[PDB]
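To start, the structure under review is shown below, and the notes come after it.
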Protein chains: 4
Amino acid sequence: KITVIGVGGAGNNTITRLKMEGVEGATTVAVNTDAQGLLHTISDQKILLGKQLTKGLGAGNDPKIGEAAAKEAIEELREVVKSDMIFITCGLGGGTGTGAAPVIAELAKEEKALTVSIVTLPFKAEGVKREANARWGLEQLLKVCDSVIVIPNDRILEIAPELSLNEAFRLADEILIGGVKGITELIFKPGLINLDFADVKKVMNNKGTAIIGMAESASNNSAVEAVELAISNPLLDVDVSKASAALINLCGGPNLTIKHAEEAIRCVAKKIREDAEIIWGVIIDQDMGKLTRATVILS
Amino acid sequence: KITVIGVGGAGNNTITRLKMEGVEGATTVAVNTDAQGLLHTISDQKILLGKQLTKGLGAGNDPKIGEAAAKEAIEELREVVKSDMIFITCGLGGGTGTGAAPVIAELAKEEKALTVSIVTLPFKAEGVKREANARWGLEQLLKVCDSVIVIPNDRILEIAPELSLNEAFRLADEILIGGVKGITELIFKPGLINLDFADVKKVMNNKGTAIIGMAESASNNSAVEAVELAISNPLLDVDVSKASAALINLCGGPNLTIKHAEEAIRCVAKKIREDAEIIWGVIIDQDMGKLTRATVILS
Amino acid sequence: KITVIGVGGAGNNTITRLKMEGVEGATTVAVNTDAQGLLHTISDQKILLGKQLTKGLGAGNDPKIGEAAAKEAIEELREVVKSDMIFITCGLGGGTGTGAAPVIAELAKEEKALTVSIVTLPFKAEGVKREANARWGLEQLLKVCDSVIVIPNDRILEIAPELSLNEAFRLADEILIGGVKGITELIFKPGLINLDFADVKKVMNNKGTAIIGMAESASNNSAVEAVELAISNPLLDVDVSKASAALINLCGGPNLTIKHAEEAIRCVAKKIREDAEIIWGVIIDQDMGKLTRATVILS
Amino acid sequence: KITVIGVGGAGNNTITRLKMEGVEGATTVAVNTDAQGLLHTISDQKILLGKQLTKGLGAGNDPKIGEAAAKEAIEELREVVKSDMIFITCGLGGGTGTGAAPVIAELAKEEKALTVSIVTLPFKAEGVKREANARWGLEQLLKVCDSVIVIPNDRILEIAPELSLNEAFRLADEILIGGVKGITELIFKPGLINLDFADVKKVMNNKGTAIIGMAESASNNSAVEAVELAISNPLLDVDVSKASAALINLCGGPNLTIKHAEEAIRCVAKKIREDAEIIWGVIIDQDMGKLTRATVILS
Ligand SMILES: Nc1nc2c(ncn2[C@@H]2O[C@H](COP(=O)(O)CP(=O)(O)OP(=O)(O)O)[C@@H](O)[C@H]2O)c(=O)[nH]1
Ligand SMILES: Nc1nc2c(ncn2[C@@H]2O[C@H](COP(=O)(O)CP(=O)(O)OP(=O)(O)O)[C@@H](O)[C@H]2O)c(=O)[nH]1
Ligand SMILES: Nc1nc2c(ncn2[C@@H]2O[C@H](COP(=O)(O)CP(=O)(O)OP(=O)(O)O)[C@@H](O)[C@H]2O)c(=O)[nH]1
Ligand SMILES: Nc1nc2c(ncn2[C@@H]2O[C@H](COP(=O)(O)CP(=O)(O)OP(=O)(O)O)[C@@H](O)[C@H]2O)c(=O)[nH]1
């Protein structure tokens with residue numbers, strides 16, 4: 001199954017937006033000490049954290065207090081990580097986000113499940129105190145989870161600097177929703193060279209930083225342009241030379257030709273390490289025109 | 001009897017293509033760990049592999065996992081390879097394709113059967129991961145079997161760089177359907193130089209690689225042109241200088257002349273080793289007239 | 001008695017053609033391990049050679065397999081070989097050909113019977129395997145059998161590229177049918193110089209090859225022209241400057257004169273080795289008008 | 001008595017010709033190894049040769065086999081040679097002709113009977129075997145027989161090469177007809193000189209080659225012309241200057257004059273050896289008129 005959980009106030013916003021837009025095959029869960037935030041957020045399972053220590057009045061800038069509030073409701077928390085694929089979303093540098101995420105990642109690992117972590121670095125102007133905590137959380141998180149995706153918040157101010165705040169954070173959510181709606185297709189309707197969950201587990205096992213996302217294109221070179229757009233999202237870290245895995249899930253129509261598929265494979269292969277491990281596969285449907293989607297994963 | 005067994009996703013695709021086209025005298029069997037592929041494939045015997053290890057997910061990029069999975073259900077596959085002629089079709093460089101090829105080819109050999117392997121090399125621009133294990137599978141398969149046919153996908157891009165997705169793989173499948181039609185044609189319709197399965201098991205139990213496939217012609221030199229077309233199929237490998245077999249099966253109408261038949265034999269006789277062995281045969285019927293087919297097998 | 005047996009596919013074809021045309025005073029036997037050929041052949045006494053070792057599929061390019069199969073079923077085969085005149089016809093190169101002709105010839109020889117063998121050589125452009133195998137078979141047959149008749153198959157190519165294989169192998173059948181109808185004539189309708197089987201046993205026992213055959217003529221020099229046509233028959237390029245036998249059997253009508261008969265004898269007596277043993281004979285009837293048949297058993 | 005026995009195919013043909021023509025006072029016997037010829041020969045006593053050595057098929061161009069076969073049935077053979085005058089007809093150079101003929105000759109000689117043998121040399125263009133066999137047979141026969149007659153077949157070519165074989169051989173039969181008719185006309189009916197069997201025994205006792213024949217004439221010199229025709233028959237041409245016998249007896253009519261008889265006597269003695277006895281004679285009957293026959297048994 002697919003379970004996406006949000007730890008901290010930042011994670012609750014991502015869970016809220018993801019649930020508002022709606023996804024298929026994924027279950028939304030929110031974990032946060034402050035009961036005030038959980039009241040306004042919308043999801044299915046709202047597992048309140050350690051009220052016996054926090055009572056629901058926030059954590060503050062102390063990851064130790066977040067960890068102490070965590071690792072107390074583990075008996076209740078263990079039931080939610082009993083799935084196949086999990087997406088832990090947490091804004092680092094805060095309170096419960098930097099403390100509950102490590103213990104939840106370890107708990108999900110002990111349940112033998114694939115983990116993907118979505119973190120967001122704080123604004124540079126927030127302060128050295130606010131950024132050191134986020135760096136500490138990020139460095140220790142990659143030792144537990146096998147895939148970490150980092151979205152620097154200040155990057156939003158360099159790509160989309162004129163929006164009504166919420167939609168500025170919508171770009172950060174775009175990566176997560178795209179990855180979830182792409183993976184839920186990779187574990188769905190097959191065809192030709194269709195992949196399954198085993199390939200996903202192989203491509204996302206003990207690697208580190210990862211890049212995921214999808215795009216669309218309806219030009220003459222539909223597959224190539226869609227892949228190029230998906231692999232180069234503006235708000236992601238531009239570092240793909242040191243990559244040792246890949247996954248391509250072209251979902252074009254009958255108009256797609258073998259030359260275009262081979263060109264897409266060449267374009268993904270030429271931008272990463274020569275000794276890469278490409279696990280591709282094409283799903284084909286006789287309902288759409290030249291438009292071709294492209295789900296891409298790197299690590 | 002004639003059995004065609006597919007291994008891996010490529011094997012399932014080839015078996016589906018053969019079943020849709022319709023083959024006389026052949027029985028289709030598909031074996032692959034991924035239960036999704038077997039669910040969405042078309043075949044008579046759908047023998048699932050060792051789900052006790054990797055139920056319904058797939059071997060990924062791990063030939064050893066497929067090797068272990070096949071050995072789990074080795075008893076179930078022993079009762080299906082107990083035939084006369086077997087065609088193991090599997091796309092090398094993958095998962096179960098590279099792992100269920102060795103143990104099933106050996107299993108078929110222990111039943112005293114004539115083995116023909118149809119494999120497809122992966123794309124050159126697809127990473128060294130897909131290429132090294134494909135080479136390993138080819139090297140181990142030529143050891144366990146006596147006839148191996150290789151059709152690299154790159155050649156397809158140099159033959160049909162256009163048309164829909166399935167047409168390229170159908171062109172890859174053309175040689176196998178042509179060969180299975182030729183083999184099932186020798187058993188029926190005895191001719192003047194009538195051949196039988198004993199002659200077939202003279203050129204397929206020796207040497208390594210081989211080239212098979214039929215063709216058609218309707219000009220004045222019908223037999224000669226048909227033989228020249230069948231001997232030089234585009235996507236097949238071009239190596240006829242080092243050949244030590246021939247199974248020419250000129251099957252034309254009464255309009256065929258002795259000069260044309262002798263010329264057709266001499267055409268293949270002059271393009272192979274001087275010390276080669278020819279086991280030719282001819283079938284004559286009054287229903288095709290000028291049109292003459294030509295089934296050719298090398299080694 | 002007159003018995004003609006055929007070993008191999010070529011032997012079966014010759015037996016079928018001879019039965020189709022019809023022969024009086026002769027019996028037809030077919031021996032070939034390939035039960036597929038026997039199922040569609042036309043004859044009277046069919047013996048399936050090698051019922052155990054071959055199983056009825058075929059022999060392939062293995063004369064040793066044919067030899068073993070012949071040795072397997074000697075008991076049921078010796079019964080039919082007990083006669084006076086036997087015609088063993090075969091196509092060299094095959095498993096049931098060169099590997100099964102010497103054994104049956106030896107069985108006939110150790111039965112006190114006159115043995116005549118007719119072999120068909122393979123096409124020159126069929127590799128060194130067929131040529132060497134045919135040479136070995138001919139060498140091992142001429143030692144045992146007393147009179148062989150060799151018609152290379154390329155003679156049909158370089159003489160009559162007229163019709164299909166079904167109507168050009170009939171041109172190679174002319175030798176055997178002409179010999180049989182013309183040997184069965186000696187045992188009927190005694191003439192003025194009446195001959196019988198005791199003379200045949202003398203003329204067809206020297207050694208080596210023979211050019212037996214018959215022809216007809218209707219011109220003023222009926223006997224001479226018919227004899228010249230019969231002795232220099234096509235497909236027989238073997239030089240006849242050396243010979244030690246003759247069975248001229250002029251069977252003309254009352255119009256024949258002493259001068260014409262003497263010229264018919266002399267034309268043969270001048271075209272062969274100077275010292276020779278002519279066993280000529282003449283049959284005269286008031287029904288053929290001017291036509292004169294020219295049966296000759298020159299060896 | 002007069003018995004004519006034929007050995008060999010030529011002997012059987014001559015016996016059939018003589019029986020068809022009809023001769024009074026003579027008995028026809030045919031002896032031949034092959035029963036096929038005897039089944040069609042028109043004769044009274046058909047005594048088969050040595051079936052025990054060889055069945056009734058043929059001799060096989062071998063004098064030894066025929067001679068050995070004759071010795072097998074000597075007991076039955078002797079039953080017929082117990083007569084006064086015997087005519088052994090045999091075609092030399094063949095099988096039983098060079099076989100039973102010497103043994104029947106010696107049997108007749110032992111039985112104290114007058115022996116005359118008629119042989120026919122084979123055609124010159126029939127190889128060295130036939131001529132050598134004929135020479136050996138003639139040399140052997142002249143030893144054990146008191147008189148032989150040789151009429152080579154090649155001589156008929158220079159006399160009447162425009163007649164059918166069945167009728168032109170009757171031209172060679174005229175010698176035996178004249179011999180068997182002149183002898184009968186001596187023993188039967190009286191004459192003025194009245195020669196009997198004593199003179200015949202005198203003129204045919206251990207001499208060798210001889211010329212025997214009769215002729216008719218009706219000119220003014222009937223007796224002179226009739227004698228000259230019978231003394232110079234076109235078939236047998238030998239130097240008569242060395243002859244040592246004569247049986248010139250005539251059968252003229254009343255018109256015959258003493259001068260004509262003296263001239264008929266003198267003409268023979270003019271062209272032969274001046275020595276040796278001329279046992280002449282005359283028969284007179286009042287029916288012939290000017291027509292006068294002439295029989296000569298010159299030796
Ligand atoms: N990209 C985004 N970052 C966010 C968002 N909301 C908060 N954040 C970031 O996350 C960080 C704050 O983390 P939290 O809200 O989990 C802090 P804490 O657990 O102490 O929250 P309370 O207990 O509710 O006070 C900080 O760097 C923010 O800039 C959002 O909607 N998008
Ligand atoms: N010529 C073709 N090659 C194919 C086709 N499908 C797959 N392949 C090739 O075969 C290889 C993939 O092999 P498989 O599908 O057996 C890999 P695996 O066993 O891991 O499949 P899953 O367990 O379903 O993931 C790869 O090189 C493909 O390019 C096809 O239809 N035609
Ligand atoms: N002149 C002819 N040659 C023939 C004919 N059929 C076969 N052949 C020749 O004979 C040879 C083939 O021999 P066979 O048919 O006996 C082969 P084999 O004994 O292996 O029979 P199978 O087991 O049925 O294959 C080859 O040289 C042919 O060219 C025919 O009808 N005519
Ligand atoms: N003048 C004739 N010569 C004849 C005649 N028939 C045969 N011959 C000659 O006699 C010779 C043949 O002798 P035979 O017929 O006795 C030979 P053989 O005893 O072997 O006869 P078969 O046993 O019947 O084969 C040969 O030279 C012939 O030319 C005939 O009708 N007339």
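Numbering starts fresh at 1 for the residues of each chain in the structure tokens, the chains themselves are lettered A, B, ... in the order given, and ligands are numbered from 1 as they appear.
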
Contacts with ligand 3 at most 8 Å, only C-alpha atoms and all ligand atoms counted, listed as a PyMOL selection string = (chain B and resi 192-196+198-199) or (chain C and resi 7-14+32-34+36-37+57-62+66+90-98+120-123+130+134+152-153+165-166+169+172)

May I have the residues within 8 Å of region 201-206 of chain B as number ranges by chain, using only C-alpha atoms and disregarding those fewer than 5 positions away in the same chain?
-> B: 114-116, 146-147, 245-247, 297-299; C: 60-61

Expected answer as number ranges by chain: chain C residues within 9 Å of chain D, only C-alpha atoms | C: 190-203, 253-263, 265-266, 269-270, 274-280, 284

Please run DSSP on the backbone and report, as a PyMOL selection string, all residues within region 135-272 of chain D that come out as helix (DSSP H, G or I).
-> chain D and resi 135-144+153-157+165-187+197-203+222-231+240-242+258-270

Write out the residues from the selection above, keeping C-alpha atoms, as a PDB file, in the first residue's frame.
ATOM      1  CA  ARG D 135      36.131 -74.352 -84.270  1.00  0.00           C
ATOM      2  CA  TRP D 136      36.617 -76.510 -81.173  1.00  0.00           C
ATOM      3  CA  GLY D 137      33.259 -78.215 -81.681  1.00  0.00           C
ATOM      4  CA  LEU D 138      33.896 -78.949 -85.355  1.00  0.00           C
ATOM      5  CA  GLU D 139      37.396 -80.292 -84.680  1.00  0.00           C
ATOM      6  CA  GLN D 140      36.071 -82.506 -81.880  1.00  0.00           C
ATOM      7  CA  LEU D 141      33.112 -83.715 -83.958  1.00  0.00           C
ATOM      8  CA  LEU D 142      35.077 -84.633 -87.089  1.00  0.00           C
ATOM      9  CA  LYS D 143      37.116 -87.018 -84.919  1.00  0.00           C
ATOM     10  CA  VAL D 144      34.120 -89.091 -83.781  1.00  0.00           C
ATOM     11  CA  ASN D 153      25.777 -68.496 -91.601  1.00  0.00           C
ATOM     12  CA  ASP D 154      27.802 -65.624 -93.082  1.00  0.00           C
ATOM     13  CA  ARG D 155      27.518 -67.390 -96.452  1.00  0.00           C
ATOM     14  CA  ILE D 156      23.742 -66.810 -96.493  1.00  0.00           C
ATOM     15  CA  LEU D 157      24.492 -63.077 -96.390  1.00  0.00           C
ATOM     16  CA  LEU D 165      15.018 -64.669 -90.875  1.00  0.00           C
ATOM     17  CA  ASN D 166      12.353 -67.370 -90.495  1.00  0.00           C
ATOM     18  CA  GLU D 167      12.375 -68.105 -94.247  1.00  0.00           C
ATOM     19  CA  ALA D 168      16.006 -67.444 -95.202  1.00  0.00           C
ATOM     20  CA  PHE D 169      17.150 -70.129 -92.759  1.00  0.00           C
ATOM     21  CA  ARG D 170      15.155 -72.570 -94.902  1.00  0.00           C
ATOM     22  CA  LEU D 171      17.751 -71.870 -97.598  1.00  0.00           C
ATOM     23  CA  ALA D 172      20.320 -73.475 -95.284  1.00  0.00           C
ATOM     24  CA  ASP D 173      17.844 -76.304 -94.606  1.00  0.00           C
ATOM     25  CA  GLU D 174      17.830 -77.375 -98.272  1.00  0.00           C
ATOM     26  CA  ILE D 175      21.101 -79.281 -97.782  1.00  0.00           C
ATOM     27  CA  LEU D 176      19.559 -81.532 -95.127  1.00  0.00           C
ATOM     28  CA  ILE D 177      16.374 -81.932 -97.185  1.00  0.00           C
ATOM     29  CA  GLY D 178      18.421 -83.066-100.178  1.00  0.00           C
ATOM     30  CA  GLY D 179      20.463 -85.412 -98.011  1.00  0.00           C
ATOM     31  CA  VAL D 180      17.416 -87.025 -96.409  1.00  0.00           C
ATOM     32  CA  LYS D 181      15.530 -87.244 -99.725  1.00  0.00           C
ATOM     33  CA  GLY D 182      18.342 -88.666-101.856  1.00  0.00           C
ATOM     34  CA  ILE D 183      19.109 -91.303 -99.225  1.00  0.00           C
ATOM     35  CA  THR D 184      15.422 -92.255 -99.036  1.00  0.00           C
ATOM     36  CA  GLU D 185      15.175 -92.505-102.832  1.00  0.00           C
ATOM     37  CA  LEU D 186      18.079 -94.979-102.791  1.00  0.00           C
ATOM     38  CA  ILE D 187      16.781 -97.426-100.173  1.00  0.00           C
ATOM     39  CA  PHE D 197      22.771 -99.107 -98.358  1.00  0.00           C
ATOM     40  CA  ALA D 198      26.095-100.905 -98.902  1.00  0.00           C
ATOM     41  CA  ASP D 199      27.262 -98.272-101.397  1.00  0.00           C
ATOM     42  CA  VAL D 200      26.112 -95.493 -99.055  1.00  0.00           C
ATOM     43  CA  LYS D 201      28.143 -97.027 -96.226  1.00  0.00           C
ATOM     44  CA  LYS D 202      31.080 -97.319 -98.636  1.00  0.00           C
ATOM     45  CA  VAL D 203      31.012 -93.644 -99.660  1.00  0.00           C
ATOM     46  CA  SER D 222      18.596 -82.679-118.519  1.00  0.00           C
ATOM     47  CA  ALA D 223      20.985 -85.074-116.769  1.00  0.00           C
ATOM     48  CA  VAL D 224      24.102 -82.966-117.378  1.00  0.00           C
ATOM     49  CA  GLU D 225      22.534 -79.717-116.158  1.00  0.00           C
ATOM     50  CA  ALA D 226      20.786 -81.321-113.174  1.00  0.00           C
ATOM     51  CA  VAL D 227      24.060 -82.802-111.902  1.00  0.00           C
ATOM     52  CA  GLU D 228      25.994 -79.536-112.260  1.00  0.00           C
ATOM     53  CA  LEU D 229      23.482 -77.683-110.074  1.00  0.00           C
ATOM     54  CA  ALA D 230      23.671 -80.171-107.191  1.00  0.00           C
ATOM     55  CA  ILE D 231      27.493 -80.337-107.316  1.00  0.00           C
ATOM     56  CA  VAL D 240      36.065 -80.675-104.968  1.00  0.00           C
ATOM     57  CA  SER D 241      39.309 -81.621-106.745  1.00  0.00           C
ATOM     58  CA  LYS D 242      40.321 -83.572-103.609  1.00  0.00           C
ATOM     59  CA  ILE D 258      23.217 -93.366-123.079  1.00  0.00           C
ATOM     60  CA  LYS D 259      25.288 -90.381-124.220  1.00  0.00           C
ATOM     61  CA  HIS D 260      23.599 -88.093-121.685  1.00  0.00           C
ATOM     62  CA  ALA D 261      24.173 -90.586-118.857  1.00  0.00           C
ATOM     63  CA  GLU D 262      27.822 -90.969-119.874  1.00  0.00           C
ATOM     64  CA  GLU D 263      28.220 -87.177-119.918  1.00  0.00           C
ATOM     65  CA  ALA D 264      26.597 -86.922-116.479  1.00  0.00           C
ATOM     66  CA  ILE D 265      29.061 -89.510-115.167  1.00  0.00           C
ATOM     67  CA  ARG D 266      32.040 -87.849-116.858  1.00  0.00           C
ATOM     68  CA  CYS D 267      31.329 -84.277-115.728  1.00  0.00           C
ATOM     69  CA  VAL D 268      31.704 -85.139-112.031  1.00  0.00           C
ATOM     70  CA  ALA D 269      34.870 -87.190-112.568  1.00  0.00           C
ATOM     71  CA  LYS D 270      36.291 -84.317-114.644  1.00  0.00           C
TER      72      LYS D 270
END

Within 7 Å of residue 250 (chain C) using only C-alpha atoms, minus same-chain residues under 3 positions, as a list in words = residues 223, 281, 282, 283, 292, 293, 294 and 295 of chain C

What would the file look like if the residues just selected were written as an mmCIF file, in the first residue's frame with C-alpha atoms?
data_model
loop_
_atom_site.group_PDB
_atom_site.id
_atom_site.type_symbol
_atom_site.label_atom_id
_atom_site.label_comp_id
_atom_site.auth_asym_id
_atom_site.auth_seq_id
_atom_site.Cartn_x
_atom_site.Cartn_y
_atom_site.Cartn_z
ATOM 1 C CA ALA C 223 16.971 -52.718 -86.010
ATOM 2 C CA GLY C 281 18.702 -63.542 -79.797
ATOM 3 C CA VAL C 282 15.762 -62.717 -82.029
ATOM 4 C CA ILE C 283 11.982 -62.994 -81.641
ATOM 5 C CA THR C 292 11.922 -53.461 -83.912
ATOM 6 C CA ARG C 293 12.595 -53.323 -80.179
ATOM 7 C CA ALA C 294 16.255 -53.284 -79.157
ATOM 8 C CA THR C 295 16.579 -54.658 -75.627
#

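All residues of region 64-114 of chain B that DSSP, run on the backbone, classes as strand (DSSP E or B) are residues 85, 86, 87, 88, 89, 90 and 114 of chain B.
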
Prev. selection, N, CA and C atoms, output as a PDB file, in the first residue's frame:
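Dumped to result04.pdb:
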ATOM      1  N   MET B  85      10.251 -31.043 -29.281  1.00  0.00           N
ATOM      2  CA  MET B  85      10.850 -29.788 -29.711  1.00  0.00           C
ATOM      3  C   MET B  85      10.390 -28.676 -28.779  1.00  0.00           C
ATOM      4  N   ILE B  86      11.347 -27.942 -28.208  1.00  0.00           N
ATOM      5  CA  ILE B  86      11.051 -26.869 -27.268  1.00  0.00           C
ATOM      6  C   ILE B  86      11.729 -25.589 -27.741  1.00  0.00           C
ATOM      7  N   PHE B  87      11.013 -24.470 -27.611  1.00  0.00           N
ATOM      8  CA  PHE B  87      11.500 -23.138 -27.966  1.00  0.00           C
ATOM      9  C   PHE B  87      11.437 -22.266 -26.715  1.00  0.00           C
ATOM     10  N   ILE B  88      12.592 -22.009 -26.112  1.00  0.00           N
ATOM     11  CA  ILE B  88      12.680 -21.149 -24.937  1.00  0.00           C
ATOM     12  C   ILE B  88      12.905 -19.720 -25.415  1.00  0.00           C
ATOM     13  N   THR B  89      11.887 -18.875 -25.294  1.00  0.00           N
ATOM     14  CA  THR B  89      12.002 -17.472 -25.668  1.00  0.00           C
ATOM     15  C   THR B  89      12.077 -16.619 -24.410  1.00  0.00           C
ATOM     16  N   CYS B  90      13.133 -15.816 -24.307  1.00  0.00           N
ATOM     17  CA  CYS B  90      13.342 -15.001 -23.119  1.00  0.00           C
ATOM     18  C   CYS B  90      14.240 -13.821 -23.455  1.00  0.00           C
ATOM     19  N   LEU B 114      14.822 -31.512 -28.115  1.00  0.00           N
ATOM     20  CA  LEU B 114      15.590 -30.623 -28.976  1.00  0.00           C
ATOM     21  C   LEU B 114      15.263 -29.178 -28.615  1.00  0.00           C
TER      22      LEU B 114
END

Could you name the residues that touch residue 110 (chain D) at 12 Å or less, counting only C-alpha atoms, but leaving out those on the same chain fewer than 3 positions away, as number ranges by chain?
-> D: 78, 81-84, 103-107, 113-115, 144-145

For those residues, write N, CA and C atoms to a file as a PDB file, in the first residue's frame.
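Below is the file result_35.pdb, written as the result:
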ATOM      1  N   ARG D  78      20.802 -93.312 -75.412  1.00  0.00           N
ATOM      2  CA  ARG D  78      21.220 -94.441 -76.236  1.00  0.00           C
ATOM      3  C   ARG D  78      20.045 -95.159 -76.886  1.00  0.00           C
ATOM      4  N   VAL D  81      19.600 -93.960 -80.727  1.00  0.00           N
ATOM      5  CA  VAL D  81      20.673 -93.972 -81.717  1.00  0.00           C
ATOM      6  C   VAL D  81      20.903 -95.381 -82.252  1.00  0.00           C
ATOM      7  N   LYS D  82      20.032 -96.322 -81.881  1.00  0.00           N
ATOM      8  CA  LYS D  82      20.138 -97.699 -82.364  1.00  0.00           C
ATOM      9  C   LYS D  82      19.353 -97.827 -83.668  1.00  0.00           C
ATOM     10  N   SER D  83      19.940 -97.294 -84.735  1.00  0.00           N
ATOM     11  CA  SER D  83      19.332 -97.332 -86.060  1.00  0.00           C
ATOM     12  C   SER D  83      20.438 -97.521 -87.091  1.00  0.00           C
ATOM     13  N   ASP D  84      20.093 -97.342 -88.366  1.00  0.00           N
ATOM     14  CA  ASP D  84      21.052 -97.524 -89.453  1.00  0.00           C
ATOM     15  C   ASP D  84      21.739 -96.214 -89.828  1.00  0.00           C
ATOM     16  N   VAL D 103      28.635 -86.447 -77.909  1.00  0.00           N
ATOM     17  CA  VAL D 103      28.299 -87.674 -77.194  1.00  0.00           C
ATOM     18  C   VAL D 103      27.283 -88.497 -77.979  1.00  0.00           C
ATOM     19  N   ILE D 104      26.308 -87.846 -78.621  1.00  0.00           N
ATOM     20  CA  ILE D 104      25.386 -88.616 -79.449  1.00  0.00           C
ATOM     21  C   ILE D 104      26.110 -89.170 -80.668  1.00  0.00           C
ATOM     22  N   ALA D 105      27.096 -88.436 -81.195  1.00  0.00           N
ATOM     23  CA  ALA D 105      27.880 -88.951 -82.313  1.00  0.00           C
ATOM     24  C   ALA D 105      28.638 -90.213 -81.919  1.00  0.00           C
ATOM     25  N   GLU D 106      29.318 -90.181 -80.769  1.00  0.00           N
ATOM     26  CA  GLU D 106      30.063 -91.361 -80.343  1.00  0.00           C
ATOM     27  C   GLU D 106      29.131 -92.505 -79.956  1.00  0.00           C
ATOM     28  N   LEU D 107      27.951 -92.202 -79.408  1.00  0.00           N
ATOM     29  CA  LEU D 107      26.980 -93.256 -79.127  1.00  0.00           C
ATOM     30  C   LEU D 107      26.523 -93.933 -80.415  1.00  0.00           C
ATOM     31  N   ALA D 113      26.388 -97.629 -86.493  1.00  0.00           N
ATOM     32  CA  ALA D 113      25.454 -96.929 -87.360  1.00  0.00           C
ATOM     33  C   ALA D 113      26.198 -95.902 -88.200  1.00  0.00           C
ATOM     34  N   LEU D 114      25.702 -95.685 -89.416  1.00  0.00           N
ATOM     35  CA  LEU D 114      26.262 -94.666 -90.291  1.00  0.00           C
ATOM     36  C   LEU D 114      25.844 -93.287 -89.794  1.00  0.00           C
ATOM     37  N   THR D 115      26.812 -92.376 -89.717  1.00  0.00           N
ATOM     38  CA  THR D 115      26.635 -91.077 -89.083  1.00  0.00           C
ATOM     39  C   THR D 115      26.931 -89.971 -90.084  1.00  0.00           C
ATOM     40  N   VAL D 144      35.005 -87.997 -84.162  1.00  0.00           N
ATOM     41  CA  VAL D 144      34.120 -89.091 -83.781  1.00  0.00           C
ATOM     42  C   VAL D 144      32.998 -89.314 -84.783  1.00  0.00           C
ATOM     43  N   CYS D 145      33.004 -88.605 -85.907  1.00  0.00           N
ATOM     44  CA  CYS D 145      31.981 -88.763 -86.927  1.00  0.00           C
ATOM     45  C   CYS D 145      32.645 -89.012 -88.274  1.00  0.00           C
TER      46      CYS D 145
END

State, in Å with one decimal place, the distance from CA of residue 252 (chain D) to CA of residue 221 (chain D).
-> 11.2 Å

State, in Å with one decimal place, the distance from CA of residue 27 (chain A) to CA of residue 43 (chain A).
->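 A separation of 8.5 Å between them.
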
Quick one, how far is CA of residue 69 (chain A) from CA of residue 53 (chain A)?
->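 It comes out at 5.9 Å.
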
Considering only C-alpha atoms, state which residue in the set C:70, C:108, C:212, C:100 is at the smallest distance from residue 148 (chain C).
-> C:212
